[PDB]
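One structure is given here, and the rest of the page talks about it.
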Amino acid sequence: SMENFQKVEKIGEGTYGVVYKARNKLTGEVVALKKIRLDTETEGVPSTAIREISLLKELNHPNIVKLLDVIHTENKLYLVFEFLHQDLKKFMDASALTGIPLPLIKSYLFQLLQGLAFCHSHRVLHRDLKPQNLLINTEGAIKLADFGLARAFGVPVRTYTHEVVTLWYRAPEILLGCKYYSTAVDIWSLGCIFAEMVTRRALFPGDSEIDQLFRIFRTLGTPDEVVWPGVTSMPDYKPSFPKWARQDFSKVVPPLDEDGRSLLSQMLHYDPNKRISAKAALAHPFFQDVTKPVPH
Amino acid sequence: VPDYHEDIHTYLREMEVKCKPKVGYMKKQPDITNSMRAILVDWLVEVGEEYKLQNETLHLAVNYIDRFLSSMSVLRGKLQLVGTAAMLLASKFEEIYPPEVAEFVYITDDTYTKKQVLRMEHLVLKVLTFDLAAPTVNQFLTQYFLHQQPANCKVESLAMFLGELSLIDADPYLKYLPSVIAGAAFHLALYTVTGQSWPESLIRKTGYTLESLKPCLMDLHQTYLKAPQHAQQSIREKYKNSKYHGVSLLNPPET
Ligand SMILES: NS(=O)(=O)c1ccc(Nc2nc(-c3cccc(-c4ccccc4)c3)c3[nH]cnc3n2)cc1
């Protein structure tokens, strides 16, 4: 089963245990081998692995990390994935002195939006977009990568699992403790990351739900019933919230041009019904001159 | 999310055609029958109650069992083990708080070990080739409910009731796709309460006219009329309750 693969080195820990680099000894393919540990106790196979494997068998797209194979052995389950060289977190730390060129940021946003629109149109939200899970290769591609916190949604949605994106990239409708979130939570993440590539630092880097939420208020302003109908009767709204004024987006992301600002504001609309969908965003003027340059 | 209503409808229509169990399967099983399967599906409903599992979980559990049994012979002694492991998986896939493995062992009266339930889960996944994201009658109903003016809590719950009853009787319902069993359930519910028909918006959205629905609609009409005497009764009891507005009680129509 594993006779075929030679482990090269560990790479990281994701949402359910360890990921390694490996070589297919026979084809020469380099792969990422994610090891799950099973036990006639562990409640057998993890809920997170069940959703990742099943959802990701359905998602073949050039901007979603491809699942090549799933190896059941006796007490181990191995997921064989395509290998990418680096992630966007590491790349932004390595690109700090000279910044990421605007064509590349635009290439990468476009491709991620493509991957997201795809997911969403197959009833899947990712629920964990962050730079650690966006992988890049030397050719100028970028792909979505940890579908272990994903879930299949219905139309309309149900109440799903609550504390759900990593804090920094968590949308306000989760922080305010709404019933229903949908696709709009991933777009919010992607808008945050889009800001982060431009400025090289995280847009709303809180260390608690309330801190995260005040940080957002200080930059988009405190939402009231005009910009967000419903807002003041959501479960974790407090009338004792401070009222900050919305800042002009030229100050939120100074490198950004007339259009990138527009896009970014539509990605961070407070109301999830008006917040731009990945599908609509691909058509946005910002991308009229998009191409596909290479990094590194 | 009207941006992806249509893409998803379209995609779940592609998908229901691929998770289709073989209609004949029951005939090819040496040991089990349509009325062993009914006992089993009625029992899962009762498990769904005892752990307040979602309707979806039940519907996926049944889709997994029918595919499983489509390619794998099972003795009567293990039919329930197959059902348990399927219901575990469905819960893991669908529920926020899935029940611990121990809880499923407890509701089989320890006729199976935990060691068995886990081995069966591994096998049910191997045979289903990990393809657990199956369309259900419920995912169609839910979509359908938005083409309803005004919305009507009674209609929806009754629609769900008939969709759920369809899981019990493998003959005749194995031959209908879920989008159709949904169509019928919805229209039969809409007629039984408001006296309206399958709306034109749903003809534009599914391409099922009221006449393409007819075959299935004839069967569902009869399951519903004969539902009081049917040997398995947990679904009827379920839908007496305030949650579902007591629509199991509602007396079915003339034709
Ligand atoms: N660290 S680095 O930037 O130099 C770097 C180097 C190589 C990779 N290759 C890789 N990682 C993950 C993967 C999945 C989930 C989490 C992680 C992860 C990322 C960063 C730290 C720890 C784990 C990687 C994959 N999933 C499917 N295919 C994959 N391929 C990622 C990051």
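Here, residue 1 is simply the first one shown, and the rest follow in order.
Placed from the backbone N, Cα and C atoms, the Cβ positions cover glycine too.
For the residues A:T15, A:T27, A:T98, A:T138, Swiss-Prot attaches the annotation phosphothreonine to A:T15, which does not rule out the feature elsewhere. Of the candidates A:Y16, A:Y78, A:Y160, A:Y181, Swiss-Prot marks one as phosphotyrosine, and that one is A:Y16. What Swiss-Prot records as phosphotyrosine, among A:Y20, A:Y237, A:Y270, is residue A:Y20. Checking A:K7, A:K25, A:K90 against Swiss-Prot for the annotation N6-acetyllysine singles out A:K7. Only A:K34, of the recorded positions A:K34, A:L84, A:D128, A:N133, A:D146, have a C-alpha within 10 angstroms of the C-alpha of A:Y20 (phosphotyrosine).
A strand conformation is recorded for A:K7 (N6-acetyllysine) in the three-state DSSP classification. Of all the recorded positions listed here (A:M2, A:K10, A:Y16, A:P131, A:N133), A:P131 has the Cα closest to the Cα of A:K89 (site 'CDK7 binding'). Of the modified residues A:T15, A:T161, A:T15 has the largest number of other Cβ atoms within 10 Å of its own Cβ. By a Cβ separation below 8 angstroms, chain B lies close to these of the recorded positions A:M2, A:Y16, A:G17, A:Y20, A:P131, A:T161: A:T161. Note on A:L167 (site 'CDK7 binding'): other Cβ atoms within 10 Å of its Cβ, all shown chains, come to 19.
If you take the CA of A:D128 (active site, proton acceptor) and look 10 A around it, the recorded positions you hit from A:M2, A:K90, A:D146 are A:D146.
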